[PDB]
Structure formats: C-alpha cells, structure tokens
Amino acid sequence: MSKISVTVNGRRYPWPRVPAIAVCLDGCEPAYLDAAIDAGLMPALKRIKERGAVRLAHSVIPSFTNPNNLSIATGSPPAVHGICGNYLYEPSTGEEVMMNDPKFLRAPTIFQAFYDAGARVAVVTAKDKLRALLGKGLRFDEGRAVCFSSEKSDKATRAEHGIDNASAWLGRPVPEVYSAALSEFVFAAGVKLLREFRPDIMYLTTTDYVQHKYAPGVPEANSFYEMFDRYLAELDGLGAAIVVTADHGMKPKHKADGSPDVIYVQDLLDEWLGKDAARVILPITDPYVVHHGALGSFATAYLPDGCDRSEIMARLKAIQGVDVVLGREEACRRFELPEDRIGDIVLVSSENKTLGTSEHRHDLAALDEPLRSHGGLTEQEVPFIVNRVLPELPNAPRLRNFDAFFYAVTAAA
C-alpha cells in the first residue's frame, strides 16, 4: 500500500493518523518558556520536552505576526504566499492598502489543501483580522471545518465559521482584545475542538499582548505560560501530535532611561533626498497607528527615481543601530520576500533599537511600560518543541517555524 499524502506549495504532507496540531505562541521569545519552566510552572511542557523533540527554529524576516502566521499556515515564505507585511504601498497614487483581505494571499494554505482532500480542519485565532486570511479556502457546508477568532467568537455562524456562536458554545465570554484572556480563549477552544470536533489538522494562534508588556520571568509573563501549560497538558493527554512554536521572539527596545530607542528613517531621507521624495513603510502594524505599537525593527523604503540607491544604503548602514541595509533584489533573495510588495531598500535595526518614520508630527508614546518589540534578526529565533520522539528533526537555521505542520503531521503519521 502506498502512503497517503497531501501536497501543498511543493511540500509533501503525510496524512496524520492522530490529530496534528501546531500552536503559535505569539511573541514567545524562548526565554519566556525557560523562565516559566524553571519556576516550576510548566510541568507538562517540562515532561514533553524531556520525552519529545526540543529545538530552536528561525522565523521569517520581517519577524512580524502576519508574515509569520501565513508562512506557518502555508508552509512557505512570503515570496510564495505574498503576505510580507500589514499593508502595501503603491508609488503611483501614493496609496497604502491594507493586507487583511484573503484576496492578497497568493498560495493555498495547508488547511485548504487538507480540507479539499477530505480532512477535518480547525483554525482558531485570537485577533480577528488574521481569521479570514488563515481561513481562506475552507468551506463550512459539510461539517468538516471550523474557523473563528476569540475576538469575534460571539459572531461565528455555521455558514461562515462552521460553528454558531463559539462564545456560547465554549461557555466563556468574549475576552477583552488587550488581554491574556484573548489567548486563553484560543487554548480553551482548541481543547474543546480536539475533544468534540476531532480535527485532523488544527492551528491555534495567540496575540503578543502580554509579551510586549512583560519581560521573561516577571509574574504576569510567568502566569501566561503557567496558564498555557494547563491546556498543553490536556491537548497532549488527548493523544494529539503537537508542535509548539512562535511567529517571532521579543526583545527590549528602550534606552537606559526607559524611553524608546528609535531611528527616524523618514527624517534622514527627507534631509538627504528632499522632503517626502522617499516613502518609509513600517510593516509591523496598520499605517494609521501612531501610538508606539508602530515601532518594530524592520522597515522598507521607496526611493525617488534616479537617486543613487547604493549611496543612500551606505549612509543608512553607517548609522549605529542600523544593522542591515539591502536593495530590493538582495533583500528578497536573502529573506525570501516578494519583489513586487517590497520597497527599493530594506532596513533591519540592532537588537535594542526600532525604526520609525518622522519626528515632525511624530509617533506618540501611549503606554507606560518600557518598549519591547520585534521585526529584526534578533527576534527570529523561536522555540520549536514536539511531543513526539523525532531524532531527525533539524535545528535552526535549517529548521523554520513554518516547518511546524510538516513535522506535526510527520509525527502524527
């Protein structure tokens, strides 16, 4: 007998004999898990690590939420699936268009591929803007798919999500968006789906609310992972093959006085090339956000026609805190990004700095806590832990977070 598989974006996924789950712990710098385990708070993960496979993996650059979640969902980098940031910029018109509609996704998800092959598939997200992207191609007319967010759980319908009111079903209220509870709801839904829906493939993805606010080992960070471990214990006990990974890590990005350490790339370009001659794009969030949540460690810039790219790149690279400056072609090759959705140049900042646009009009500091963020090479390293024995599993840099489902189904097969 030949083995059964589903081929997605040029990769062969064996059919899972038991449920295959990947958990994306948004912003889970490996240190978070080490600290919580050391504090005695994660007995399930501690045992799972001892008996299974423990690795570090590499995220996609930019180490942001959307590109990495869609990489995990498709098993491919953004050069394939097209989601390389939260929005794209069109030099003509000067328009910034949001990249939340599934129409922007250019490759099928593993979820759709398994669904079309007759599998039962579940996808649960914390925030809703990722739900439609991750659910692209799923259908809800055969009782074989469920896709909803914690955020909009009370709005789920049979026809569009595979479930009527996931909040009522789970018996928990819709959580506050800016809370740990938004992610707890995902874990709880995942457990109930594993028990009652019995998916062949399931993805659970959280938000990095806690991780932006709290460093590894502090009480509020530890409590989040203590909470997660309870659900991990239950998922594991139910017999599923599980990969625990992250979309990206998290690092402090503040000066000694606790204020954000920012390089204002638009200001610099306005001086060298002329005001607004170039356009700096910050992929981390939506462009209308102006409250410190727009500060990440990766940026791209669209330059005026004719200007010396090579010279501008050297001027930027010379600045202490700007670690990497690459042209479109090199950046897309190295970071596996689509040329048509990236600027003329790509910038990556140092470990404890972020990239901003301008000081004129400025980006206001909202929350009190010292800035923590991601986007750079220094948040590329993430945990990759499997609750099965897998001696052949690679390690970073060869192992990618978007190998999660490949190895989850392999473990399950």
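Residues carry their position along the shown sequence, with the first being 1.
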query: Stretch with the higher entry mean CA B-factor, where the candidates are 331 to 339 and 227 to 235; finding: 331 to 339
query: Which of 270 to 278 and 283 to 291 has higher mean CA B factor, as the PDB entry lists it; finding: 283 to 291
query: C-alpha B-factor winner, where the candidates are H360, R388, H58, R47; finding: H360
query: Residue of maximum C-alpha B factor among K213, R120, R309, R195, per deposited coordinates; finding: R309
query: Entry-reported Cα temperature factor of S179, expressed as the chain third it lands in; finding: middle
query: Position of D247 among the chain's modelled residues by C-alpha B-factor, lowest, middle or highest third; finding: lowest
query: CA B-factor placement of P370, once the chain's modelled residues are sorted into thirds; finding: highest
query: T378 by Cα B-factor - lowest, middle or highest third of the modelled chain; finding: middle
query: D38 - Cα temperature factor, lowest/middle/highest third of chain; finding: middle
